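Undergrad: no sequence on this one, just coordinates:
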């Protein structure tokens, strides 16, 4: 009933019954207003919900909650390079925060049954080659557990 | 290079990846624990940096000041040393116990801070609907002692 949970700093036990609402956040501190930021978040699939339907649901939420949200592209995505790589989808989108036009990539994967793992890159400027390389190397370098 | 870089491996429950050195980790772990009470118990793990000339007790002092602003009827009930892990890798820190009113409901809060990663602070914050008694303190401090630093 106790099972291990790992963070960067070490590891501890949690009851099997827990729900993980952790959000990993990585920023270039002091230069947030020009630099991309990275985010990893977690979610659970609704009954009979597959990953495409999950992404549709999230797209509709962002249309609802964010400023003038617009999806720019949608394509397959992969986290890792081995036979155990996560196979999922990604979108690119923009939305408005005050004067700023925020640019985002988000990639969703079912890492274990019923549980979605979401990688997000957020930039205060349109994507450039540097941001694209960051995004693609981040996903390719991911090493799934187990 | 092929054997490593100034960039740093980073681990989450679901796997690991390389985090470029320029990034600061501001992750917030949130775990909703099992419970049938009106409010669920939860564990929060956050990361912080000490301000210039701020030690760990002073850091705790700063977090209490922020609690008073955001949480209804916040009262500190206890303050004591804390230990995360055991053996040579054990982390010596500090902790508080406190109460506040989440809604119309009284809940019970622990916060324990440590210097796990050199030059950073790791903060465990427990929110529970169940009052702290000797048994609860035992189970909490025993759980802290079981932490295995990386």
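TA: Structure's in. What do you need? Residues are numbered from 1 along each chain as shown, chains lettered A, B, ... in the order given.

Undergrad: I'd like to know which residues of chain A are adjacent to chain B.
TA: The interface of chain A toward chain B, taken as Cβ under 8 Å from any Cβ of the partner chain, is made up of A:5-15, A:17-29, A:38, A:40, A:79-80, A:111-112, A:117, A:134, A:138, A:141-145. Using the backbone N, CA and C atoms, a C-beta is placed for each residue, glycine as well.

Undergrad: Using neighbour counts, give me the buried entries of the residues you listed.
TA: A:5-12, A:14, A:18, A:20, A:22-28, A:38, A:40, A:79-80, A:111, A:117, A:134, A:138, A:141-144 (16 or more other Cβ atoms under 10 Å in any protein chain shown).

Undergrad: Counting only strands, which of those make the cut?
TA: A:5-7, A:10-12, A:14, A:20, A:24-27, A:38, A:40, A:79, A:111, A:117, A:143-144 (DSSP state E).

Undergrad: where along chain A do the helices fall?
TA: For chain A, the helices defined by DSSP state H occupy A:51-65, A:129-141.

Undergrad: residues in contact with the spatially most central residue of chain A?
TA: Taking Cα atoms, centre = their mean, the centroid of chain A lies closest to residue A:119, which sits 1.9 Å from it. Counting by Cβ atoms under 8 Å, 6 or more residues apart in numbering or on different chains, residue A:119 makes contact with A:38-40, A:79, A:106-107, A:109, A:138-139, A:142.

Undergrad: from those, which is closest to chain B?
TA: residue A:142 (4.7 Å; Cβ to the nearest Cβ).

Undergrad: ok, that closest one touching residue A:84?
TA: No: using Cβ atoms under 8 Å as the test, residue A:142 is too far from residue A:84 to be in contact (10.4 Å).

Undergrad: number of nearby residues for the closest residue to residue A:43 other than its chain neighbours?
TA: Among residues not flanking residue A:43 along the chain, residue A:116 sits closest, at 4.4 Å (Cβ to Cβ, 6 or more residues apart in numbering or on different chains). When neighbours are defined as other Cβ atoms under 10 Å in any protein chain shown, residue A:116 has 20 of them.
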